[PDB]
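Note that the protein sequences, when read in sequence, are chains A, B, C, D, E, F, G, H, I and J. Under this note's numbering, the letters of the first sequence match residues 48 to 108, in that order. Under this note's numbering, the letters of the second sequence match residues 48 to 108, in that order. Under this note's numbering, the letters of the third sequence match residues 48 to 108, in that order. Under this note's numbering, the letters of the fourth sequence match residues 3 to 283, in that order. Under this note's numbering, the letters of the fifth sequence match residues 3 to 283, in that order. Under this note's numbering, the letters of the sixth sequence match residues 12 to 250, in that order. Under this note's numbering, the letters of the seventh sequence match residues 12 to 250, in that order. Under this note's numbering, the letters of the eighth sequence match residues 386 to 445, in that order. Under this note's numbering, the letters of the ninth sequence match residues 28 to 282, in that order. Under this note's numbering, the letters of the tenth sequence match residues 47 to 171, in that order.
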Amino acid sequence: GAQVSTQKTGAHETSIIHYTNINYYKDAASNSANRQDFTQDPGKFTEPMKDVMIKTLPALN
Amino acid sequence: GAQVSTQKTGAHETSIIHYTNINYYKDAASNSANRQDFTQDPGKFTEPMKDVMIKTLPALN
Amino acid sequence: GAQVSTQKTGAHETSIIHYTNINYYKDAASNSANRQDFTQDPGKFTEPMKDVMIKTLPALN
Amino acid sequence: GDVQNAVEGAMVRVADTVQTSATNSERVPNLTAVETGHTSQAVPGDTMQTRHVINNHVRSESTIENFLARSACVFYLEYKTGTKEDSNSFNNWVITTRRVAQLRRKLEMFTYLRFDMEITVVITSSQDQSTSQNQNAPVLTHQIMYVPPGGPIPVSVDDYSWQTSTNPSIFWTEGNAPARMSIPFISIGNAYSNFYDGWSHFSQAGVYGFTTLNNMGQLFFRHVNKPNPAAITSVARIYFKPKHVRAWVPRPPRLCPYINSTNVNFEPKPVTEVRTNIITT
Amino acid sequence: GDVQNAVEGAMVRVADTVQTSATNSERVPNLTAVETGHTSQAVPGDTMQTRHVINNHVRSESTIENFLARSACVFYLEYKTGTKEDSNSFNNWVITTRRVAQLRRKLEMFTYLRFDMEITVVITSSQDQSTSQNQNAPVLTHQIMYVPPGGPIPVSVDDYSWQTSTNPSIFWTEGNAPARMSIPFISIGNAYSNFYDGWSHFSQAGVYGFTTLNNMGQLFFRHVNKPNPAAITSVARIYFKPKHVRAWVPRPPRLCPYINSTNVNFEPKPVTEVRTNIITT
Amino acid sequence: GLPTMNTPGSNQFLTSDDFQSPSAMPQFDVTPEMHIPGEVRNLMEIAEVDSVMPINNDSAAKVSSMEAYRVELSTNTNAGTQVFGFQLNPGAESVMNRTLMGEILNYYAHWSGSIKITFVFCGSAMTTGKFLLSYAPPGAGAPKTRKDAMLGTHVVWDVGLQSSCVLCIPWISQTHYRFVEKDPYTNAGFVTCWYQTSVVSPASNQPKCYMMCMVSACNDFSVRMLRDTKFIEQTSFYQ
Amino acid sequence: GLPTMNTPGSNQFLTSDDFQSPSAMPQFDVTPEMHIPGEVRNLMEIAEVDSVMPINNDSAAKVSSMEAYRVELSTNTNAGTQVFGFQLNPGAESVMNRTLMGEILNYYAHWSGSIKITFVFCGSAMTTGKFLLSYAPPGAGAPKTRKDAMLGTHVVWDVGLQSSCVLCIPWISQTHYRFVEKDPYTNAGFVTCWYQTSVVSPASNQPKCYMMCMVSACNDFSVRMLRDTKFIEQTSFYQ
Amino acid sequence: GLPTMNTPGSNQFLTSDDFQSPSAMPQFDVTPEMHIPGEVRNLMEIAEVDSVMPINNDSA
Amino acid sequence: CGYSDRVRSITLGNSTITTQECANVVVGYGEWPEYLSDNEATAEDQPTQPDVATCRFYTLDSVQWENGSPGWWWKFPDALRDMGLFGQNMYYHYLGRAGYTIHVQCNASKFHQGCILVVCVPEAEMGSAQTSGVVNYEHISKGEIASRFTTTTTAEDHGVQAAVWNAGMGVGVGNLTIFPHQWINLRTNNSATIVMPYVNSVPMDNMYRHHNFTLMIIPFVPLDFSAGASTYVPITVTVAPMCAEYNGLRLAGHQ
Amino acid sequence: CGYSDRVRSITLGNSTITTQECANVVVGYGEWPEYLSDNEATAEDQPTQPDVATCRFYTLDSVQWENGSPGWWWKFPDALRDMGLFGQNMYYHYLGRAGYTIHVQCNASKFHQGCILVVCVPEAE
Ligand SMILES: CCCCCCCCCCCCCCCC(=O)O
Ligand SMILES: CCCCCCCCCCCCCCCC(=O)O
């Protein structure tokens, strides 16, 4: 039971190349590093507010 | 004829990752250790009684 | 997910032999050299003209 | 999703710049009050006329995984080929990550850290000078034995302990690719704690600091071969690579040099390097 | 299509010759005016009666890829097994491609060049003569460390720098197949520039030439082993292979010998070799 | 059986590699996950937070004290007087060198993005003033007068009830990435601050007051080519 | 043919590995299975069985005899007198060290679960008494009076026709696992026993009698991190 | 496990070979492509351009 | 509307603080404190939750801000150990869990200037003045009395290194802002409110041994005013526990 | 709403002026400046329009207001003749047309008094 996934490739002038991975061990610890996952969320640090602040309005009014 | 089975992985905050195994030898002895099987039954040791004992009732009555 | 493609072979007296390739790495950089691609276009160098020149007509007329 | 499933990924790209024009509005997008503890969300289009730009840049070497997952040297240990009468014929190392400066500084940027680890170990040997230093010797095997907390400890190079009936060991012959193991997560908490502010005793005493929580056993190293007619010194360099990392609560980077590996003691240093004047080209 | 997809190809063949007959026409296909800057498109059938020929020749060793993609030696560096007191116990090389004559000439045929690269390195060791040159020594591991621009630099064979917490390193034991890495594209521009006509300073001064753009870090080389009772000299030969190449703007080949590797300086040479007379059999 | 050959690159340990390897304890039971508030998963989340810059930096005395952070403003100063100046080049310029953004940057050799400097006036509540915040692109040296500065990209901050105005310095560069290390080829121009009018105060009030400057990375920013820092070293193992 | 490269970790024997390997006798005929009563298939099945604790343990004399197991009770003892006390910490506390549960534990570095101590009164059949069985959580030291003990988790066992009352010691811990080895960071509190009233006897009967204490692991229990024991050693091969 | 044998030609570096090999920086972000006028992709495109011959060549 | 965003009323228990100048309220890491779930429980015994009796605003001691003063810190939950029934529950229970509303109060007239950083640092492990020495309890906390920073590097034996600019823990003070913080800049607001949730690596812990976080108040711009315009301006720190629950009951004590 | 009519932000080119005390903005004679139409053209040659490069806030010199001082005047477009690329285009071209946003800035504390007339007089001979 192989898994297929897309390789990192840059942009091009105005695509998809796959690679194959199979796990050979019984413990999830033995698996390769998870280097693909670029999700983020600055929210928790950059705006830890209770009341929402609208950018265009004055901060204190 | 490959076999697919699930790897040991811990719990998560509120899954399944497979691995592949194929045997290459003609004798069952050559196979990998059977490390996954967590079945048990304390019964034979903890209560080797003839008459069933109900926990909530007095032992001798 | 294997890829199949045709090998370089010469002409014959009056065919197709395939080979198999699978990528094993997560970065497109790790892939084999792209040695098959024989496309070309002399146009840009050999005739960098604005007005089309017809071979059979005199160059200046 | 799962961070131990490495074939499952995600994709996102850096934000684009949308074209803007001149305004003479009644809205101020670049006035804010720092006091709030709120970081301004100004973008270039708010104070200039910008063109339309498309960015295809992607943050991809600033992921926590990619940042931490490279094999750092944590310690090297030395041991000669000897007899039972020697007390350098084997050696041991109490596992810690605070000995080296570089890796320590990286880890200490997060308060709580949860990861699996790949341990690789490069053992190099050298001939010691002697009268009989042109003696012939065959290849040397080395044994690395992990002793978990509260297990038997070797008192010599040769005693029962080395039998290893349930202790993980690696036997590695020279002239082969470096020995490598993967270790799962192993804390009794829910994450490794790089900082502990507290005491080991409920009477507010004993040991202050991180020391109290760390306890990870020790690595005992020896030569398997019987001694040759001259000593050979070996030095094992231990490499650690944190993979499948998850990190919580970011902290300021270290500024002052470290002094000890059992406490956070420091002596105060200047904030930043001096410059010539407050106006400088 | 994509030049990093190597299983996708294309096919084309050399043009055929179509049969022609005698003419007495009013069209001249072999008169043209060179002045235009237009190359004539005359084909043999325009000035001879030719037979019908089918060509199955294919241009296939004159593709840019096939031309450039062979591993060239770019530099070799030498270093002895020493102590901290020696200043030849380690060595380093500032990365450049201008040291060798052959590969340089090939690259310089294109103004702009974009490629990924396979770096292979062959390290060979030799015993230095000494009184104790029949001393026994076990196998030697070597460490190659890449230091990107503006990183820490080793001052001795043994210092913190060699810990390599985020610097790529290769540990290679002797008697194994040569060490090999692949490197992606790495410029801050959109192609490597083999020629830069311009200045480093806006006042039309400083450094003239290509030097200004090149900056690629350095390779530090050392032995990992502690010294034996006699020195061993090692020489590492670095091989580079450009794969996935794309090339823009062809230039005339070099004619004059190179003199320096930081500028294009030359002293004028004859255009071509002299021959006996203007009529020669 | 199956045959099979080695290729160059066999039996060599590469630091940045990524392969599977056997476990050392088969079927270990990992401790179940819990929550824990505040989770980073990308260093840029840190870089986007406001650190305070130590602009004042003229001598060792003030550099080993709180003085470093507060830029001194004074009343009755002629209009068009430079408050301060320094060339922009984070991670190699002393001013931003050891701030949060700076520290993150020094693990990389290439940066790109836009920077936003939030100027907060921490004077009296009865004092007023207007300042011209200028950013001149490179290729002509730093401005020497208010007029020179005026020609560049600038915001005129009128101090009032809203304490702070942010100068968003836009990315204008030939190349897609600059070096973090100082290099003559890539420069990022000069950020200067000038009195647009003057600081005016009422009767009984302090003449001198102070402003402070926050710095952070905008929402489009990125870094490439991971490398070791130069701000820490040792000569032996810690004990 | 097929090419193919080695990676770090080739040609190294790891003790805890798990790979296939060729047989030494092809097609050997294994002897057919039969039944055999009583099959363990998990060590916890053993840990759940009641062993008897040697609480009495004051001197070598009684420790090399049957005396060790019997805790002496006596008639006409004032109420609120401590019968015995020891801190809970199995596999490092002498009292439970060499019992069945203890022995199993010493092959592991981490335990978790709840323990149940079954107190059986083996006195006369005409004697009566009531005892307070207390378990104090850690963080305040062992109780010093019946009142101190009372505040903790406790069962009042009234002796009667049913010989034995079981004190189920519940798991209350910060962490999901404690160390088996003694460590200051994790402690498990103090189990103490006190006279709730007194032992009363009739006319012609012995004044002194004895109780005995069983210990076992409850139905939720687990162990992690397999390791060597310290209770056996040799200096040479046995012959 | 899987067995497996070497053949002649193992552990030898050949200059003109072509194999995959691990990257030295995982997940590096390559700079996006732009255009650039004038692209060769085959040396014959160069050979088809007119150079001028130095026929006169009788003496240094 | 008739609302203004400068007036705020926080009522918790039988205690209400009002403020007429403030700038919003920082909820630490976006998460509001709440009770432990049954998926993250480890303890088996039934928790007590005293609700209203132990949640309410405890006004701790107030220190005077002066021109030369360098800063102050307090350590939580340690500081609250003498505060009413919170103190008592903490004294009789092995395990405790709770979040906290930190509300720092200060005020001045229009003719004063000065700006204080108010920051809640989780897990602040601190150095020692003697770098071969080891700090002991009495120089880490004085209970509900503020521990002062110093602006002179030298200090007594078992002194904690507390030179302002390195925050007493070897990091540049200017970067402390990464943790939940506000600023009381005299001219705009006059109070800070940080709702700090429980952050630890383990679900509940012992309240004496572990110190969850340190409240640091550092004056970045010194207090200044012109002659004859008052000279005494105190800073009062008021804190309220939220969602406090305790497991493991036994006799009172430390050891 | 959250708006106040005392705060205003004018962004033009790469130059933004903010002000937190103002009273509206006077659009001269009700008409907003705009480009010449093809019904009012006289010149036949194609105009250049430098847009962003020549539209942006040029801060001219600032004089000090004192108790005795009587007043000041500046003449436009003459005043702008040394201001950047505006100056250059004006120097190399026979004909020019443009409107202007005049923004006068001044400030004081509450314990000052005084009142200035700011007026744009067309064709002041
Ligand atoms: C031969 C077998 C070897 C097994 C080695 C087991 C090593 C355990 C490693 C524990 C790493 C702990 C990392 C702690 C990080 C931190 O909090 O600073
Ligand atoms: C051990 C890790 C080694 C990593 C080596 C990184 C080498 C970077 C190589 C850059 C090649 C640049 C080619 C420039 C071509 C040119 O313009 O002349």
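For each residue, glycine too, the CB sits at the ideal point set by N, CA and C.
From the DSSP secondary-structure annotation, give me the bridge partner or partners of residue i.
i: I/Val226; result: I/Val226 is not bridged to any residue.
i: J/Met136; result: Its beta-bridge partners do not exist; DSSP assigns none.
i: E/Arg15; result: Paired residue(s): none; E/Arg15 is not in a bridge.
With a cut-off of 9 angstroms, does the C-beta of residue i fall near any C-beta of chain H?
i: E/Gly153; result: no
i: A/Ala49; result: no
Just to confirm, is the Cβ distance from residue i to residue j under 9 angstroms?
i: G/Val191; j: G/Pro101; result: yes
i: residue 252 of chain F; j: F/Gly171; result: For residue 252 of chain F there is no data in the structure shown, the boundaries of chain F being 12 and 250.
i: I/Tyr127; j: I/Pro268; result: yes
i: D/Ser73; j: D/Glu10; result: no
i: A/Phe92; j: F/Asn53; result: no
i: I/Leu112; j: I/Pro77; result: yes
i: H/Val425; j: E/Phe187; result: no
i: I/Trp99; j: I/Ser174; result: yes
Contact criterion: CB-CB distance below 9 angstroms. Does residue i meet it with respect to chain I?
i: residue 253 of chain F; result: Outside the shown range of chain F (12 to 250) lies residue 253 of chain F, about which nothing can therefore be said.
i: A/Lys97; result: yes
i: G/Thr186; result: yes
Of all the CB atoms in chain F, is at least one closer than 9 angstroms to the CB of residue i?
i: E/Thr166; result: yes
i: I/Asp251; result: yes
i: B/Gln87; result: no
i: E/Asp118; result: no
9 angstroms is my cut-off, CB to CB: does residue i come that close to chain E?
i: C/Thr53; result: yes
Using a Cβ-Cβ distance cut-off of 9 angstroms, determine whether residue i contacts chain D.
i: A/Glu60; result: no
i: G/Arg189; result: yes
i: A/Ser77; result: yes
Within the 9 angstroms Cβ cut-off, does residue i reach chain C?
i: A/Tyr71; result: no
Would residue i count as contacting chain J if we go by Cβ distances under 9 angstroms?
i: D/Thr25; result: yes
Could you tell me whether the Cβ of residue i comes closer than 9 angstroms to any Cβ of chain A?
i: E/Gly3; result: yes
Legend entry - Any beta strand (DSSP E) of 3 or more consecutive residues that is wholly inside the region 141–224 of chain G: Correct list: 141–147, 164–169, 175–180 and 201–206.
Inset, instruction - Run through the region 24–69 of chain F for me and flag every whole beta strand (DSSP E) of 3 or more residues, listed as ranges in chain order. - result: The region 24–69 of chain F contains these whole beta strand (DSSP E) runs: 62–64.
Inset, instruction - State whether the region 215–225 of chain D contacts the region 145–153 of chain D, with contact taken as three or more CB pairs (one from each stretch) at a distance under 8 angstroms. - result: yes
Legend entry - 4-residue-minimum alpha helix (DSSP H) runs that sit fully inside the region 101–188 of chain E, ordered along the chain: 103–109
Legend entry - Touch test, the region 164–177 of chain E against the region 198–213 of chain E, Cβ-Cβ under 8 angstroms, three pairs minimum: Under the three-pair Cβ rule at 8 angstroms, the region 164–177 of chain E does not count as touching the region 198–213 of chain E.
Inset, instruction - Taking 8 angstroms as the threshold, find out whether the region 52–67 of chain D comes into contact with the region 70–89 of chain A through three or more Cβ pairs. - result: yes
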